[PDB]
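Chain by chain, the residues:
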Amino acid sequence: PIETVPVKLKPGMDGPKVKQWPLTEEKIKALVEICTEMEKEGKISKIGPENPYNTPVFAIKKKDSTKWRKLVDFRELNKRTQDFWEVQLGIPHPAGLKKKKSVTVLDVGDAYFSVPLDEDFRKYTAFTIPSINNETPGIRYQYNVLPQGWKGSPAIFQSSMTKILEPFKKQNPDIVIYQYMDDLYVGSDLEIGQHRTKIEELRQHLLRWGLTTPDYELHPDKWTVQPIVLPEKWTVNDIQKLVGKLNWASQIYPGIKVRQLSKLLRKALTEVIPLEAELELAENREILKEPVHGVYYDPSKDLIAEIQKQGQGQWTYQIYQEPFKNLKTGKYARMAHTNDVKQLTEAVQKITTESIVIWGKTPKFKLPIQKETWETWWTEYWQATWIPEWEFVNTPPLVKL
Amino acid sequence: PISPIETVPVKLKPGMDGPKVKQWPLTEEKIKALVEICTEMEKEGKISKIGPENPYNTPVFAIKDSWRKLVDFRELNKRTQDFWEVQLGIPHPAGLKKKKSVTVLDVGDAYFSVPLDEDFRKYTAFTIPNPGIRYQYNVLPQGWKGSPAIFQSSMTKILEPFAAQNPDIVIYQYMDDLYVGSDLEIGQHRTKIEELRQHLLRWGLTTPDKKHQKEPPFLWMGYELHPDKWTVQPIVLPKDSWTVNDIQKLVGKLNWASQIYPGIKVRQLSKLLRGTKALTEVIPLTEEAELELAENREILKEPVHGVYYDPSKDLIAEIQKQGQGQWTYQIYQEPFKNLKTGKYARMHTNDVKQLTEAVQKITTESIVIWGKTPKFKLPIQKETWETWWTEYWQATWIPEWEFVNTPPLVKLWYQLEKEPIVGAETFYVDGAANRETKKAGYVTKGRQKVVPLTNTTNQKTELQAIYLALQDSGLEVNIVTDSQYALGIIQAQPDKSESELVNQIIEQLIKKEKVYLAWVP
Ligand SMILES: CN(C)C(=O)CCOc1ccccc1Oc1cccc2cc(C#N)ccc12
């Protein structure tokens, strides 16, 4: 029976009272079976009406199985504990992790269901299994062990993690390990086969010391602020369009001289035209790949990510903290069965992992979707144990990239 | 009875203490009444007389079809801990699972039958008056903050043993009510109910007897629940001089009646109160509204009924366009009998958009009510849906849908082109407007410049110059502009709008054989 680390909210703060979302019957039976086993194992206990707190609960489909997972939305409790509870016991974010050629991601959350949770903090993990059509008051529970998805869980467990990881970290001094929520981020400059063996040694080393792992390869060497460019080809339409995006560009980088190429007609001309302007575009293209300076990350400011529907199973994204200030740019793609919604889900889960490695925080998302549609189907493909903030966009200007 | 149930422990908000409100003796004949009640209450354990052991106090009252006690607990309520929410919503008759027999057992003396936590009783003290007799509460006081939630918890526990032994029977818990259904013979069912009564009796909970069991139709939360069908209680809407208040009450009744009465349309009547206005401020009756209400009285002239839910049968929703941005839907399991109905609205947008929005409203409701999404039979074809979204900027997804040909079908009234054409023109169209005083043009023929106007907005002018580009336009054509405003509007491929000028541009775009637009800085 380990000694329970006490947890205090930033004084002047109450506990979460988020309302539970309505769920489908398939998912409620799932949560009822999960929750029943969890109550036999002692991990959760039913509670009374004198607990006012609530946080939302969802069900997801884990990696790929029938096996249903329970997913708790501690976004509210995180903002009211981990803020100054991380400052108390925080995980330092390792800067080199962005540099390594491969980064794999180990789920280590099941381990938390061992360390007991401090008795005076339990009431704030109240959650509710809903019923259908208001037939019954929901089923109510709180946690007695560290819940998955509470950012205070890794903070408390980090001492146990460091002890089990002490030997692996010396025999392997070159490897960067980062813990974020229920995930263990491992980066090495090894070859893919070599990297995969080292990971398999790590999982094995972790398994045998108790820490149950499941038993996602990222390549941040290939990530940068990708520059806006255009492949070579020029009609008037092509000229005018190319003329356009250069104007939007003068913003993210004052230096373009579109007027040099602008020399054109001034009658029907949607046909073809021969291109000095060739020289002007050549110099600009050099300035285009120039890394925009003046781009600084402030930890006080939050991270905002925006996504745009390109088409044909591909999506483009931009992460900033201030107007322009484009700290990262990139692309997402898929083969198949992807729909407008499901791809976005996978996109977001790729745009979050990237900000976690780079800056150790998740970004608050602006999303290209009707709110209610998102709220209905996001869990149908969600497979991360975390949940980013998100708001819904309405008016898509032709940013032209 | 006081009840052998355990008590929910109560605390006071951290660092607070009991209310010390004093009473103003008011009537003294009422004091003779209040002594009568409080003597009975001490006679059944509900309240007990207390000494002057430095207790707190709360007001009293006597308000009485012609009395009745009413302690004001507002001051205690403000210092008592917070409890779990009670029941935000109400179960929908469409969601109710069909049952052979149903029974409405109304518990009696609900709150007074559940003991209150000992260590918190001191704080419920109320004095009765030229000295004053003292009293505290032993059971859940009426109007106390934690009475509703602690009764609900207590009733949920008292039922667990009997449910255990009776997995077949289904009991709904609402407020001070139990709705109790089974699939067994009446004689069997009347026996099971009578067992429920005795179970509840042992715990301190009185119930109606067989002669006093409410009989159907049940008039409940504004419905008529019949044995195998349900409907709304008779909606009643009257003169000529109306108020904001009268308009609001009316739109309430037609939204209300629209869950089973299909085709209700309340748009016209709604826009009338669209401004802050007042409540008594009389409002004029628009003629199109007097039509809506005339149509509405026709829907409500005859009755219609919903059926109850069968989770074995499958769920089918249908949508049919009404016009004017209004849509109407019906969920059923068999084609005649609707589980329920409803309608959608929008606040300038293409039909497929507003259609896929309606499917959203239905999915949300289907999950709230049946825990399942409804299979859909819509008046549209893949060709129409697939292309709209695939070139829609926004993400969208629609569950299983089969085509039904019930005009008005929704379709793409027009469509822009993706690449330029085999030669038409330019139409570079500008809208110069002096924000100080009240443009238009094309350089294909160069026959630019049609007409300015007073109070004409540069945004209206640029969009009108694109419509002006449509003037010299013939068949396959290509326009251009430096106004981002214009581009977003026609690109959204809207099929109706408030400014008919933009509706004219749709008529132009609908008429022209192949269009392709572009923007330049
Ligand atoms: C409702 N009915 C006649 C059916 O035939 C549909 C089957 O309704 C029930 C199913 C199980 C338990 C109880 C059921 O009955 C009810 C469910 C919910 C609210 C009710 C409110 C009143 C009143 N006042 C009466 C009965 C109610």
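Rules used throughout
- Residues numbered from 1 in each chain as written, not as in the entry; some residues may be left out.
- Chains lettered and ligands numbered in written order.
- Heavy atoms only, no water.
- Residues with missing side-chain atoms left out of burial classes, pairs and counts.
- Helix = DSSP H or I, 4+ residues; strand = E, 2+ residues; numbered from the N terminus.
- Rg over C-alpha atoms; globule rule 2.2 N^0.38 Å.
- Domains from an automatic or database assignment.
- Pairing = 2+ DSSP bridges.
- Axes fitted to C-alpha atoms, helices over the stretch in contact; angles between N-to-C directions.
- Contact = heavy atoms within 4.5 Å.
- Nonpolar A, V, L, I, M, F, W, Y, C, P; charged D, E, K, R; others polar.
- Left-handed = near helix turned anticlockwise from the far one by under 90°.
- Salt bridge = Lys/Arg side-chain N within 4 Å of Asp/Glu carboxyl O.
- Expected span 1.5 Å × (residues − 1).
- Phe/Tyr/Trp six-rings, centres within 6.5 Å; stacked < 30°, edge-to-face > 60°.
- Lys NZ or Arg CZ within 6 Å of the ring centre and 35° of its normal.
- Polar contact = N/O pair within 3.5 Å; in protein donor to acceptor, adjacent residues only side chain to side chain.

Visitor: What is the right way to read the overall build of chain B from this model?
Guide: A tally of helices and strands in chain B yields twelve helices and 18 strands. Relative to a compact globule of 521 residues, whose C-alpha radius of gyration would be 24 Å, chain B shows 33 Å and is clearly more extended. Its C-alpha atoms put chain B at 100 × 60 × 50 Å along the principal axes.

Visitor: Which parts of the structure should I look at to understand the overall build of chain A?
Guide: Along its length, chain A carries ten helices and 13 strands. Its C-alpha atoms give chain A principal-axis dimensions of about 80 × 55 × 45 Å.

Visitor: Quick question: what am I supposed to make of the domain arrangement of chain B here?
Guide: Think of interface size as the accessible area that goes away when the parts come together; that is how it is often given. The domain boundaries assigned to chain B delineate domain 1 (29-85 + 111-147), domain 2 (93-109 + 148-216), domain 3 (230-299), domain 4 (310-403) and domain 5 (414-521). On a C-alpha basis, the centres of domain 3 of chain B and domain 5 of chain B stand 40 Å from each other.

Visitor: Explain the sheet that holds strand β1 (residues 44-46) of chain A to me, please; I cannot follow it from the model alone.
Guide: Within a sheet, neighbouring strands are paired by backbone hydrogen bonds and run either parallel or antiparallel to one another. All names here are of chain A. Read from one edge of the open sheet, three strands run β1-β6-β5, paired in antiparallel fashion. The outermost strands of the open sheet, each flanked by one partner alone, are β1 and β5 (127-129). For this sheet, the mean angle separating the axes of adjacent strands, direction not counted, is 40°. Along the sheet, helix α1 (residues 25-40) contacts β1, β5 and β6 (139-143); its crossing angle with β5, the most-contacted strand, is approximately 125°.

Visitor: Just to check I follow, could you spell out the interface of chain A and chain B for this structure?
Guide: Contact with chain A, which involves 42 residues of that partner, is made by 49 residues of chain B. Elements represented by at least two residues in the side of chain A that touches chain B include exactly α6 (236-252), α9 (340-359) and α10 (371-377) of chain A. The leading source of residues in the side of chain A that touches chain B is α6(A), at five residues. When grouped by side-chain class, the residues that make up the side of chain A that touches chain B number 16 nonpolar, 16 polar and ten charged.

Visitor: Which parts of the structure should I look at to understand the sheet that holds strand β7 (residues 223-225) of chain B?
Guide: The strand order across the open sheet built from four strands is β6-β7-β8-β11 (chain B), with neighbouring strands paired in antiparallel fashion. Edge positions in the sheet fall to β6 (218-220) and β11 (306-307) of chain B, since each of these pairs with one other strand and no more.

Visitor: Help me understand the environment of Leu184(B) in this model?
Guide: Residues and elements named next belong to chain B. Residue placement: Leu184 occurs in the loop between β5 (177-182) and α4 (186-203). Residues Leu184 and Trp220 lie 36 residues apart in sequence; the distance between their C-alpha atoms is 24 Å. Other than its neighbours up to four places away in sequence, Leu184 contacts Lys100, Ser101 and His189.

Visitor: It is not clear to me how the packing of helix α4 (residues 152-171) of chain A against helix α5 (residues 192-208) of chain A should be interpreted in this structure. Could you clarify?
Guide: Two quantities define a packed helix pair, namely the angle between the axes and the distance from one axis to the other. Residue and element names in this part refer to chain A. Direction vectors running N to C along α4 and α5 enclose 145°, while the axes themselves pass 11 Å from each other. Considering the relative orientation of α4 and α5, their crossing is right-handed. Here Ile164, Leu165, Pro167 and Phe168 of α4 lie close against α5, whose contacting residues are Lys198, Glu201, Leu202, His205 and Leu206. Taken together, the residues of the contact of α4 with α5 break down into six nonpolar, one polar and two charged.

Visitor: What exactly am I supposed to notice about the pairing of strand β14 (residues 338-344) of chain B here?
Guide: Along any regular strand, the residues point their side chains to alternate faces of the sheet. Residue and element names in this part refer to chain B. Judged from the six bridges that link them, strand β13 (residues 326-332) and β14 form a sheet pairing that is antiparallel. Across the sheet, the residue bridging to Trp327 is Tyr344, located in β14. Hairpin remark: β13 followed by β14, antiparallel, with five residues in the connecting loop.

Visitor: How should the pattern of salt bridges be read in this particular structure?
Guide: When the charged atoms of two side chains lie near each other, side chains of opposite charge can form a pair. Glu380(A) is the partner of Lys27(A) in a salt bridge, and the nearest nitrogen-oxygen pair spans 3.5 Å. In this structure, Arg80(A) engages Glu76(A) in a salt bridge whose closest nitrogen and oxygen atoms are separated by 2.3 Å. In this pair, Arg80(A) and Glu76(A) both sit in helix α2 (residues 75-80), four residues apart, roughly one turn of the helix. Three or more residues are tied together by salt bridges with common partners; here these are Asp14(A), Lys17(A), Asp82(B) and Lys145(B).

Visitor: Would you take a moment to explain α4(B) for this structure?
Guide: In an α-helix, one full turn covers 3.6 residues, which means residues spaced three or four apart are oriented alike. For α4(B), spanning 18 residues, the distance from its first C-alpha to its last is 26 Å, which sits close to the expected 26 Å at 1.5 Å a residue. Just downstream of α4(B), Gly204(B) is the residue with a positive phi angle, here 110°.

Visitor: When you look at the environment of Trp370(B) in this model, what are you seeing that I'm missing?
Guide: Position of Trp370(B) relative to the elements: it lies in the loop between α8 (351-369) and β15 (375-378). With sequence-adjacent residues up to four places away left out, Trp370(B) is seen in contact with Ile132(A), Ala94(B), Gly95(B), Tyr309(B), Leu315(B), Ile331(B), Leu339(B) and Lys340(B).

Visitor: Is there a simple way to explain the packing of aromatic side chains in this structure?
Guide: Within a pair of aromatic rings, the relevant descriptors are the distance that separates the centres and the angle that separates the planes. A ring pair is formed by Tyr223(B) and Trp256(B), whose centres lie 5.0 Å apart and whose planes are at 65°; its orientation type is edge-to-face. Chaining the aromatic ring pairs together yields one cluster made of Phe58(A), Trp374(A), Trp378(A), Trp382(A), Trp386(A) and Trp390(A). Lying across the ring of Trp390(A), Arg75(A) places its NZ or CZ 5.0 Å from the centre. Across the ring face of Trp84(B), the terminal group of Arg140(A) is positioned such that the distance to the ring centre comes to 3.6 Å.

Visitor: Would you mind showing me how to read the side chain of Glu354(A) here?
Guide: Within the fold, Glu354(A) resides in helix α9. Aside from chain neighbours lying at most four places away, what touches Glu354(A) is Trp223(A) and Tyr317(A).

Visitor: Mind showing me how you'd approach the domain arrangement of chain A here?
Guide: Each assigned domain of chain A is listed with its residue range as follows: domain 1 (6-95 + 121-161), domain 2 (96-120 + 162-217), domain 3 (218-297) and domain 4 (298-401). The distance between the C-alpha centroids of domain 1 of chain A and domain 3 of chain A comes to 50 Å.

Visitor: Honestly, the side chain of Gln318(A) in this entry has me stumped. Any pointers?
Guide: All names here are of chain A. Within the secondary structure, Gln318 is located in strand β10 (residues 314-320). A distance of 2.6 Å separates the side chain of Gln318 from the side chain of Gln308, its partner in a polar contact. With sequence-adjacent residues up to four places away left out, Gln318 is seen in contact with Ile304, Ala305, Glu306, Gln308, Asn326, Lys328, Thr329 and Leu401.

Visitor: Teacher, can you tell me more about the pairing of β13(B) here?
Guide: All names here are of chain B. The sheet contact formed by strand β12 (residues 316-323) and β13 spans seven bridges and is antiparallel. For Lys321, the partnering residue across the bridge sits in β13 and is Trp327. Counting the residues that bridge the hairpin from β12 to β13 gives two residues, and of these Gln324 lies at a positive phi of roughly 65°.

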